[PDB]
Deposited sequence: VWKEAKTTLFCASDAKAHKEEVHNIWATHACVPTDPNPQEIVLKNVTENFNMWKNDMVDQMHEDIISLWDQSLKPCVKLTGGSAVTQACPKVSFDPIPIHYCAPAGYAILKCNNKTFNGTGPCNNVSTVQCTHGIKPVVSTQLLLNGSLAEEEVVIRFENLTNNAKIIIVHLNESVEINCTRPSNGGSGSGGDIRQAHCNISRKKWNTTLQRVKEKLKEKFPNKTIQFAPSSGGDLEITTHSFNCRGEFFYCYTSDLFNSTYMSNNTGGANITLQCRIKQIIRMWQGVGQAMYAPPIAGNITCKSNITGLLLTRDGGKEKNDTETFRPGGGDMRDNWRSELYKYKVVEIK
């Protein structure tokens, strides 16, 4: 075999009768999944991976773009100078796992090293036809509803010295986040996170960062700027666009309390991640708009050199390709 690019196809368990938009997309876009697949463990084989140059990411990226553009019709879309208006009904929104598969003559190699950093050699390779079930969760700052690292926390980056590259933190223990828009301002919302789980999780990420930055102290800070999509923890819950302020999660002085409560706002006007332009959606539905999710990873940026001997990291995101990268790091397409 050998590294090669090819047209991949998706598989899932979407139900044609559900109105949920992901199920509708996958019904028309993907094929059924094999109930009993198998993977061959390769003997004495060692192959190189590079999660940062993986064409699988780009193919999934275009899939999710296609999904959102077809599912979430906005009331007004502003692209350049052309404003487009159209029907913007409220839809059912709940991501479902999607498998990415190699066609005939090709295969997908899976790195099974429990602590593979994402780039370099892997001495425990397996061959599959499809990846695992990957939920396409669009979010910034915090990676939600992903797969956890099997052993300890793992820090992933392409090059340490390039402060313009993103850092993908892969947690091993989940830190749940429960966000709600109570039934009784129709745009005010909040989330709750365990103060100890977060303070514990952050402490473990810090310890792993010292391994990569020897004689330097590690510190976290809030975002330094940008649109509201990336300066807060933004995500879509039941079709509504949530923007949750995380300044207190990464404030050193702030870390007395049991459940840290973040303030969130539902916005009808958003800056689209899938393209260039802004969109206006309809007001939020009524009732309890609740999303109990799992924080499984972090997207961090490192501040440009100061010397203070103290390295500072701030939450980031925006390029959803990295969201897909955190789940496809262990995979590569090869031609038989």
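#### Entry: Missing residue ranges, deposited sequence indexing starting at 1
Sequence ranges with no C-alpha atoms are 1, 186-192, 264-267, 319, 350.
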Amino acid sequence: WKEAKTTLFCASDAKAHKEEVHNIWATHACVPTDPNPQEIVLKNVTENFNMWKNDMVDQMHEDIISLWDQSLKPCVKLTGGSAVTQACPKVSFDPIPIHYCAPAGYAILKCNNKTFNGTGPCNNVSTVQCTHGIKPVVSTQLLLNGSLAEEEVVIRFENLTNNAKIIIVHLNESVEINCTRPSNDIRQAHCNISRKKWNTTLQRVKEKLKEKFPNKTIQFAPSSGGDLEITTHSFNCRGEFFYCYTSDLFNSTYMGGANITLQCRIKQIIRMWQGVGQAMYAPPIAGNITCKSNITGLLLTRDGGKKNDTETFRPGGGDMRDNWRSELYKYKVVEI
From here on, numbers count along this sequence of modelled residues.
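### Query
Looking at the deposited entry, does 257-265 or 128-136 carry the larger mean Cα B-factor?
Looking at the recorded C-alpha B-factors, 257-265 comes out higher on average.
### Task
Decide which of the stretches 107-115 and 223-231 has the higher mean C-alpha B-factor, going by the entry.
The recorded data point to 107-115.
### Query
Of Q141, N215, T161, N236, which one's C-alpha B factor is largest in the deposited record?
Checking the PDB record, the top C-alpha B-factor among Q141, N215, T161, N236 is at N215.
### Task
Going by the CA temperature factor in the entry, name the top one among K165, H99, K196, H170.
The C-alpha B-factor peaks, among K165, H99, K196, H170, at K196.
### Message
Is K53 in the lowest, middle or highest third of its chain when residues are ranked by C-alpha B-factor?
### Response
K53: CA B-factor falls in the middle third of its chain.
### Query
Going by what the PDB entry lists, where does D63 fall on CA B-factor within its chain: lowest, middle or highest third?
It falls in the bottom third of the chain.
### Query
Which third, lowest, middle or highest, does the CA B-factor of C191 fall in along this chain?
For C191, the deposited C-alpha B-factor lands in the highest third.
### Task
Divide the modelled residues of the chain into thirds by Cα B-factor and specify which third, lowest, middle or highest, holds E311.
Middle third, going by the recorded CA B-factors of the chain.
#### Entry: CA B-factor placement of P89, once the chain's modelled residues are sorted into thirds
Top third by C-alpha B-factor.
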